[PDB]
Protein chains: 2
Amino acid sequence: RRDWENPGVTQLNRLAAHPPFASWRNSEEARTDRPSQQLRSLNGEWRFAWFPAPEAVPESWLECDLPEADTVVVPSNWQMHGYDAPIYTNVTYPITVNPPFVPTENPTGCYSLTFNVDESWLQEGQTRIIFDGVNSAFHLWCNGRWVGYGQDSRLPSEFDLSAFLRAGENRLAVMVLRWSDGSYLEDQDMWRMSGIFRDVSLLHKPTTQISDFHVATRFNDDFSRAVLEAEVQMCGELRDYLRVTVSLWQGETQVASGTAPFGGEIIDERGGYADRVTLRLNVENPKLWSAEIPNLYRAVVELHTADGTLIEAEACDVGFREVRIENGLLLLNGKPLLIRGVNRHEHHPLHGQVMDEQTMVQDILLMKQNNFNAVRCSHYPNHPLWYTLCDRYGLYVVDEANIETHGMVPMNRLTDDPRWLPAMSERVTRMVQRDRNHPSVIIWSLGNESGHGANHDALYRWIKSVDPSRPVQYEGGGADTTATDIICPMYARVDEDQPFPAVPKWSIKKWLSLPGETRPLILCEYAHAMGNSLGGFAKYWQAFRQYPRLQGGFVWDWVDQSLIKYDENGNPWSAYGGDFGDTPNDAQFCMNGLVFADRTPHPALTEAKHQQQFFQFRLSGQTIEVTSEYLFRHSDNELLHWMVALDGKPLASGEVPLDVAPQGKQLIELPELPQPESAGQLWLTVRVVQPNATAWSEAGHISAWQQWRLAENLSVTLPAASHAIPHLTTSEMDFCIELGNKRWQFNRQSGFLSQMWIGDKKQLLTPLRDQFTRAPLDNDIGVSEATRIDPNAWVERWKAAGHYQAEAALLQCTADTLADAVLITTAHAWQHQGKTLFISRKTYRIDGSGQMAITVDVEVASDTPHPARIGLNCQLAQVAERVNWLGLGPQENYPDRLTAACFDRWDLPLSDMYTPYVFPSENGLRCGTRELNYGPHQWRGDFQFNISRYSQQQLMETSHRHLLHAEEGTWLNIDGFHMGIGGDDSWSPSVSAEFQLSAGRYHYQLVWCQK
Amino acid sequence: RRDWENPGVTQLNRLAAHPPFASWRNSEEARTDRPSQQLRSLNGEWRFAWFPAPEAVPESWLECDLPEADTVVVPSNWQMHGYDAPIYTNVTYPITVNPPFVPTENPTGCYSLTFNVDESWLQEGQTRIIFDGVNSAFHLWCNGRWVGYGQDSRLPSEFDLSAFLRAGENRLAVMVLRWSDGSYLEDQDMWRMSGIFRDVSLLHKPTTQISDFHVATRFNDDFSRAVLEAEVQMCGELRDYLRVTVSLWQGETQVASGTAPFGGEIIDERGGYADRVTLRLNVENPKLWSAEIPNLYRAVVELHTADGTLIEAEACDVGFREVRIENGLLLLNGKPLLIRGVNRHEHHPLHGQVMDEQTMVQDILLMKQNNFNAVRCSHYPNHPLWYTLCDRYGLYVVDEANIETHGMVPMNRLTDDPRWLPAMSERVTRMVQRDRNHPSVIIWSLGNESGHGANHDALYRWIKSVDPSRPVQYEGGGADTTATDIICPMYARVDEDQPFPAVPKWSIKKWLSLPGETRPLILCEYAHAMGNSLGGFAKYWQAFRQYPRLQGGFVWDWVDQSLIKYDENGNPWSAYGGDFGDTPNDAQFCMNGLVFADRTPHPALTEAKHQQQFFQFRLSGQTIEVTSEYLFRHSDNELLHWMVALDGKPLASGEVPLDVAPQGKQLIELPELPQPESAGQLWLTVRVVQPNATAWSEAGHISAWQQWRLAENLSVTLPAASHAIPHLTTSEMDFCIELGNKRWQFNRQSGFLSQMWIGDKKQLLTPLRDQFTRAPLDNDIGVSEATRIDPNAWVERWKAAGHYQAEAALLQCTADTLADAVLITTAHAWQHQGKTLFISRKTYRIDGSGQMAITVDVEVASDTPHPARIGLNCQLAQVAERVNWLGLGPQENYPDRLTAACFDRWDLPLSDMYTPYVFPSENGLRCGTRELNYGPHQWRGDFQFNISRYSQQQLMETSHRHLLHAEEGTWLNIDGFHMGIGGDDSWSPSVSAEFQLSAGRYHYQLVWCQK
Ligand SMILES: [Mg+2]
Ligand SMILES: [Mg+2]
Ligand SMILES: [Mg+2]
Ligand SMILES: [Mg+2]
Ligand SMILES: [Mg+2]
Ligand SMILES: [Mg+2]
Ligand code: NA
Ligand code: NA
Ligand code: NA
Ligand code: NA
Ligand code: NA
Ligand code: NA
Ligand code: NA
Ligand code: NA
């Protein structure tokens, strides 16, 4: 039948979808959510055999184990076990586009399990098997007999095995196909894997059972009263003695309960549902659920007989909350939300797409610790435990249907085709049927990047009809179609319009007020965090805070989809597209996370934490105004620590308890701050501390901070005249300057400081020269390739202009003796094919104190692409252990990504001044630095800098971080100016104009001396 | 696989749906809609074999003809050939309700055909087979190889046979299943049949072909300009030299043309449709389409090469019209419609559900001739020729999806189930894909009686998305749900509310103004024409005309679903539910038409024609005001004939040409009418005549009429005193009255006139006695049964009260002699178990002229159900050929159904005074009669009457008209009063209060004499 090549057949003998079941036969266990003897896990060691196609599978496999098979753990993706290669492709389908057909050579995974089934399970009731996730399609056999078929890799497929099981030994045979017609709806930008990657289990239900139940909570105007409504459905034989009791619990206290026989209200001319009943419980002053305070109740659903005999019980956590859009605003419990979200794929560097509780908990803790309050299930229903955790820890969730047809041309070719409506409807409807009782789910999503088709409108309406408690959104076809309650664009910029034909991405501020538009706007994806990114992040948040209808968005994305591979010595390294022989592929594009695959944070995470803070501050005189952005909670676990320091030197500090009502303000009067004697800039730093630990954070957790420049005293005191005076020796090839054991050498041919001596020790390995380029960031490269150049990409414009090829041409080099110092003057012209790109004019002034003052003045041709940087660089001979500096830090920060950085005195080990981005590029910069110390060296001024054992050249010639090798000495890049990194997206220039080096003329000065 | 027991599989290898194709290879042929050499018909003689189940079919059948098979005509329903019984069931499913399963004993029809195929059809292109209708599911094999499967009995299933055919002879094998999961969605109230009941054909298309095309027409505010937009889609190899040309023709005049290469506009990020193109043609002053004037243009779609070489051409008729709902009104070309519709099932008394052109044309002509302008396809897509005819003859059509699950409990059990969405969507989407280019289709319907489920909302939105040119309606779940643009109730009454729980049927006038309601209201079904019905029809039309938002409705229904059977002697008769051994069944309920199965009109049709007239009249003095209800046409084929008559005697007449603009008025001044000498009532009668013949009517066709009472001269002249005097001979047992050769005999024991003589010739066969009952009409019976009594039905209330058992008890009987006459006085009491139901007091006065004046005064107990009638009856010995009367006629008319009847002198053969309703009951009544003549008899007064060879008793004891037998003499029923017949529905009392005999006391007088 080749059911895997027919969108008309998405399953065979599959049971109806429903909320999580456990079939407890004890009410107390259901109330407390303890394990159930009726729900058994079949996870563990299974037998596995790989085949090139289903036609290659031997019939004997259905009867008994294949001796060639191996024993492997399940759940798992067989690519992670090495049976075949995982494929990383973004848009382009991994298979030829010829729906509904797939390749004849279709990798087939044959799984099998011999397990015991107790007689008692077969004597009565129904025994079903549940596959929470099988990628992408599969046939099931039990004890040699065919049971069924199923599609949709991200939702559970259940089958009744009651008639196939025998007391004792039983054997399951599961033939999993890598490709199927279902694959046409699973073109998400991620690794393409397959296998039984989610839990497998057995559930025993009585013949007369609870087959489904829906929980809803409605409120009065002030939420002081609520009505919990529970619709319960049954299957089996109806008897008048049957009953349903729904009890609601607050901890161990029962707050309400309702009991009734089956038989719903009349719905039409033929009557009502005899096999259904709806219980309604009144709740006074319910404790409301939110990501701020995840208050939860326990709802226990008991199916029993009138005389009190329990048949079975099911249950779920209940969160009393209302989600609604009113007057253009998305409200939660009557208050306008501000979504601090992030998109999160289910990815593990070692296990592939198999999820586990520990990894899920780790992600949630890091998310809340970094001020996120929402997550989008990009782009498919998640592992069931995820929603349970989000309910309890408190995170707003966008549950998304597993539908993405990005590679189609046009994108809506299938979604607008009525023949594909059946396949699509199952992916939407079964998701809703499964997750509708989770309070954390506040919005439904029709899928991702599948254009806009009539199928979307039909399914949008279906959800509005079955579940009016949640808004429905969908970005396809322009982000504001008739299939979405929320304007949810991806990568729309703050102020800049991108007028693409048919599907323009308007500035978000402009989008809101388009003629006739009234909906709220929340980006489903924004701030592409690929590599050294997140430049301009603060621009989004300033807009979110100023515009009521701009209610946030979800960053793209949480974690890099890099995979682990090993070298000959067994050392693991991070791999991406193409590293498994997979081709075609989209290389680095699978890595766009705020954290590395092992959950180690990228520098950008801190920028997100800061901009997403829940407390805002303003300074006026001695008064600090604290404003709360919390909607429901008071600041009852917050303390404000303040500190004043003069150039890193603390002068005063203290702490004040925070008592701010949600949306409220608090005024904190700072004590009389003493005036510092020494000259310099006084800085005020405040930070909110959480004294007590929480379920998601440790005691002392810092949730927010802010800095302000206070009084400044300009230094007007002249340095004590050094009785000493430098000496200038002159040869026809050099200009030397000595002062004690110190010597400065200037090559009169190149015009650069080629060497410095402190005794008999050389200080430089490479001359001090100007630098106007940087090892290209992912944002500088975009989608440009060696065989497919994107002339519009920054890196391509720099290359074409000759910025990387430019040769320094000496125009002038002179030296002069002053009453107390030696003056060296140089002038260079960087050209490319007769074109003068830059002109650098410098003056070096060495005085009796051994301090070298370097003054640089650069001219940039107005018609050459703006340079990535304007600074100097050299390879120092020294290799010290620490790097001490007075400037923005402690983490890596760039011009358009430095709001989170604080000004102070920082000291770190050299290795921390390098950011291990899987794909190497310019990195580790620190801006607004007034003083830098390394080894015996000290540089003073106002510059940006990065320092490491890797040259810009090696960084731009290496594709993977594990291939980098520490060079001799230490490479130092000191810039007077540095271009922004951008990030609004990573496939087109995204560096805002104000962060481009377009002034035409630049000036900066440095002072080099021995610390 | 048992695909017929899986709603997940509704087809296998079926081609996509699309508008009618013919694949012309000559553009002129396509323009003229002449037959296409590429579209062949396979209709004719096929081989057929019946089996009790699919498992009983021999494998050899796939290879060669079964010698036991018979040769039968196709299309056809095998029940009509006698292979098994057709089943008539209304709501209750004909099979056990256990979705998706059907009976194991599943009648299976094995059809096969050996046919030839020109080799040229196989040398190039694609050859497909098309089954326009197969009831209910089927598998297809070609030359022994399995081709595909298909469901949905009312839409075409197409399969590509290119790879299965050979030159010369080929053999098709079609296994048709009577029951399938599809049957759960086909529970319409009609005969349940099966087989290949619609055309079968072969279509040849080129490899590069037109695969679909959509035509739309948009207009400016005053419809003086239009833009015809044609989207054309292709399949096959794309080449830049391919072109599509769309030409629009008005007769033999090409009004517009457009040519372009393939390649649509950009729709999303992935581009646009390279395999599509949209042509836009401007049309100035387009001739608009409407049911009033069906103006049509011809659109020819040519797929060709740049060098002008034609590849293929398709085409369709185009009607320029706009359908939209604005401010609560349904508008057609900017004007509010008034729907004069009727529901029409595809039914033929001999061929079952097989439709043919002649029958379709006959129905359309009769419909338009009786002032109908709209038809509803109850309850499934019709034979494709139907829409073509409606486009050309001019009728508004409601195209309805083949979805009805009436027998489910509750009614929406399947429609609210997401697992049934796939099956449902195919029935809606494939209908739209097939009929969207027909101008006659102005509204889409989601189906019928399937409650209201989320599936309905999803499909409602799908249509609004793919075709915004037509409103969508659906009655299920309350008639005003979120799945309907029109409030479309069935059997909602005019003034009376029917507050059923959940799905009330409010008075239509009240429905319109319910809080928040703004939609237009058009009944999808009203005025149940079952048997002697349509009482109260005028009440609906008075409301439709007074309320702008009450825009009409569709009568239920067009033709009786009676079937022909032959007795032993091979004589045909009309049969209904149960007559084929089918059980359970719903008997007479399959007959609700305005016309008999053979299209002979029921009396009610004329009432509909009259109330649905397009011209309204008012009389003021000598002025007749004519108002036109036409929206677009002028009365350019209308003449007004007027006539004045005194008691049937014409005095003056004439004709005036009608010149009325749509919605306009015309004043016609009647000449000075001469005053009649004789006493009596002058009557004015006007009628609109169509001098010229049309496509739907003959010259002289009468489209409307109206009557008014003019001056009346009461007779004050006393009759010439007769020179004779009757004699009274009194005996113990009798009261005799003699006059010449005439004798009157009053039985003193019974108190009734038992005999009258004229010589030796007896006048009566049965005494003249009071009558207060009638042979129950279908509306009197409702759903009451012998084994399932409905105590609320009129017939049951009459029976329970003893109205049919009541015995006359003589209270007084006297004789008197007057100066010029003899006076007989009687008094009777009709009782039942000690209860006096009625009291009848009479006086008979016989004078010298031989005239007998009868005065009757009846008392009706206020606590007994109101009587069906109050009159006298007797069996006359005479049997004359003609019946002459001065009263309402000429056709049967009742108190609540007599507006169409005219007052005049009528003369008909006795047989026409009897209405052959298949189910016998009271019939043939004529109201407002002042004089009745039959044989030598003449009755004068003001009464209602019926006269025939069938007694009320025989009529109420006979189930079928063919079992009736003319009794001796003639039965005469003369009523002073008669109860209304009702009809708002036929399952609950529907006779309006004003037509119930509830006065308590009645009086009427008659005069019996010789003509
Ligand atoms: Mg499939
Ligand atoms: Mg994508
Ligand atoms: Mg700051
Ligand atoms: Mg089926
Ligand atoms: Mg029905
Ligand atoms: Mg009249
Ligand atoms: Na906002
Ligand atoms: Na990506
Ligand atoms: Na606090
Ligand atoms: Na690099
Ligand atoms: Na009206
Ligand atoms: Na009926
Ligand atoms: Na005329
Ligand atoms: Na009868």
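Computed over heavy atoms, backbone and side chain alike; hydrogens, waters and symmetry mates excluded. All ligand and atom numbering here is 1-based and tracks the order in the structure. Numbered from 1 within each chain, the chains take letters A, B, ... in sequence-line order.
Under 3.0 Å from the Na ion (ligand 11) lies no N/O/S atom of B:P336, from backbone or side chain alike. Because the distance cut-off is set at 3.0 Å, B:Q546 fails to qualify as a neighbour of the Na ion (ligand 11), as none of its N, O or S atoms comes that close. Taking backbone and side chain together, A:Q551 holds no N, O or S atom under 3.0 Å from the Na ion (ligand 7). For the Na ion (ligand 7), the N/O/S atoms of A:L550 include one lying under 3.0 Å. At a cut-off of 3.0 Å, A:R549 does not coordinate the Na ion (ligand 7) through any N, O or S atom.
Sorting the N, O or S atoms of A:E449 by how far they are from the Mg ion (ligand 2) puts OE1 first. Of all N/O/S atoms in A:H406, ND1 sits nearest the Mg ion (ligand 2). As for A:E404, its N/O/S atom nearest the Mg ion (ligand 2) is the one called OE2.
Using the six-membered ring where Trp is involved, A:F544 and A:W541 have ring planes that are perpendicular, over 60° apart on the 30 and 60° scheme.
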Check the pair B:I508 / B:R493 against side-chain contact (heavy atoms from CB on, under 4.5 Å), numbers first and verdict last. CA-CA 6 Å; B:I508 61 178; B:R493 301 181 180 187; over 6 Å; no
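In this structure, a donor-acceptor pair under 3.5 Å is absent between the side chains of A:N343 and A:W558. A:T405 and A:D187 share no side-chain donor-acceptor pair at under 3.5 Å. Side chains of A:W420 and A:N455: a donor-acceptor N/O pair is absent below 3.5 angstrom, by distance only.
Between B:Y547 atom O and B:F544 atom O, the angle centred on the Na ion (ligand 11) amounts to 90° (nearest 10°).
Centroid-to-centroid, the aromatic rings of A:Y576 and A:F589 stay 6.0 Å apart or farther.
The heavy-atom pair separating A:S986 from A:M530 by the smallest distance is OG-CB, 3.6 Å.
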